[PDB]
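Notes follow the structure.
Methodologically, a virtual Cβ is constructed for each residue, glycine included, from the backbone with ideal geometry; neighbour enumeration extends over all protein chains shown. Values in this text are rule-based calculations from the coordinates and carry no lab data.
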């Protein structure tokens with residue numbers, strides 16, 4: 001090379017990044033328009049004012065070993081999603097109800113997982129009236145990105161993001177903060193709690209309710225896996241109204257009164273569960289889920305309080321569509337009806 005090297009030649013890994021084929025560089029060009037960059041901002045905005053923290057920047061760059069109209073979405077250096085995005089064209093998607101067909105590359109939407117087909121421009125107004133849904137090129141990339149963050153929000157919420165939130169809270173209710181961390185709770189413990197809250201789709205905007213609940217229970221309990229379940233009940237009204245809006249009936253999944261005992265036997269049994277029970281659970285749990293998908297009911301499981309923190313820890317790694325709540329996280333002012341049962345069939 002022409003110029004000598006300096007430590008600025010060291011490329012530290014990026015929390016969130018994107019690699020882009022040379023056909024997309026125009027839509028990701030700082031210098032030119034930047035059609036996509038405007039959408040990544042309004043995603044990262046509508047994520048702070050929604051999920052309660054600021055997603056890390058999306059470091060975008062070109063990698064010419066990629067197909068010209070293909071992108072990789074990266075997390076801490078490793079791929080978490082790829083896709084194609086042809087510029088001048090448009091994407092049309094069937095929400096399962098459209099009528100007809102169109103000429104173009106048949107494909108699958110990276111977001112909802114739906115069947116879709118890229119189309120040309122002038123089919124725009126014609127594709128919609130056939131029942132389709134049409135979004136621009138750059139918008140596909142964005143919707144694929146806004147979907148990869150809400151799925152990986154737990155891992156994007158690093159220790160740096162927790163202090164930056166501890167600092168943001170501490171400029172509006174600083175008294176809660178001045179003597180909580182590192183005083184009563186260590187930042188190691190705060191982050192892991194907020195991280196567990198995120199990993200189960202529970203938002204952390206109510207840092208008042210959280211930093212209050214912590215400083216109350218923190219001295220006589222320092223296990224974040226137990227502090228968490230305490231903070232969940234303080235957010236019981238927010239977790240409730242998140243999946244069961246209004247004050248109408250609560251359509252829940254339920255487990256057997258004795259299977260509970262079967263499961264409750266396994267709790268104090270030690271630090272683990274026994275094999276044969278597992279493969280049965282996943283099957284019947286997905287059985288109950290399937291009935292819900294046809295009743296129009298949410299995929300919410302409702303269990304004994306001491307049965308949540310491991311059913312979630314177990315069932316969610318296989319069916320991350322599922323929600324595992326407790327009877328202490330639901331408000332007292334709601335009627336409950338077990339729309340489906342995990343039983344011996």
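Mind pulling the angle between the C-alpha long axis of helix 187-199 and the longest principal axis of the chain? Nearest 10 degrees, somewhere in 0 to 90.
For helix 187-199, the angle is close to 80 degrees.
For labels at residue 65 and residue 5 in the simple 7 Å Cα→Cβ model, what's the distance in nm?
Each label point lies 7 Å from its Cα, and together they span 1.8 nm.
Name the most mobile residue of 308, 72, 168, meaning the one with the largest mean-square fluctuation, in a Gaussian network model of the chain with Cα contacts below 10 Å.
Looking only at 308, 72, 168, the biggest GNM fluctuation is shown by 168.
Could you tell me the largest-minus-smallest coordinate of the C-alpha atoms of region 238-345 on each of the three principal axes, in descending order and whole angstroms?
Between the extreme Cα coordinates on each principal axis of region 238-345 lie 40, 27, 24 Å.
Given axes a ≥ b ≥ c from the Cα gyration tensor, I'd like to know whether the chain is rounded (a/c under 1.5), prolate (a/b larger than b/c) or oblate. Show your work: numbers first, answer last.
Details: a/c = 2.07, a/b = 1.29, b/c = 1.60.
Oblate is the answer for the chain, as a/c is 1.5 or above yet b/c matches or exceeds a/b.
Angle, helix 275-295 long axis vs. longest principal axis of the chain, Cα atoms, 0 to 90°, nearest 10?
So the inclination is approximately 70 degrees.
Let me know the shape class of region 158-341, please: from the alpha-carbon gyration tensor, a ≥ b ≥ c as square roots of the eigenvalues, rounded when a/c is under 1.5, otherwise prolate if a/b is greater than b/c, or oblate. If you can, show how the numbers build up before the last one.
Details: a/c = 2.23, a/b = 1.61, b/c = 1.38.
Taking the square roots of the gyration eigenvalues as a ≥ b ≥ c, region 158-341 is prolate.
Report for the chain the percent antiparallel among DSSP-assigned beta bridges with both residues inside it, nearest 5. Working shown, then result.
Values: 21 of 38 bridges.
In the chain, DSSP labels about 55 percent of beta bridges as antiparallel.
Find the centroid of the Cα atoms in region 273-312 and in region 194-269, then give the distance between the two in whole Å.
A separation of 16 Å, based on Cα centres.
Between residue 163 and residue 286, how many nm apart are label points set 7 Å from Cα along the C-beta direction?
Going by the 7 Å Cα→Cβ label model, 4.3 nm.
Calculate how steeply helix 37-51 sits against the longest principal axis of the alpha-carbon atoms of the chain, using the helix alpha-carbon long axis, and give the answer as 0 to 90 degrees to the nearest 10.
10 degrees
What is the ratio of the Cα radius of gyration of region 14-157 to 2.2 N^0.38 Å, where N is its residue count, to two decimals? Display every interim value, and only then the final one.
On the way: Rg = 15.5 Å, N = 144, 2.2 N^0.38 = 14.5 Å.
My calculation over the Cα atoms of region 14-157 gives 1.06.
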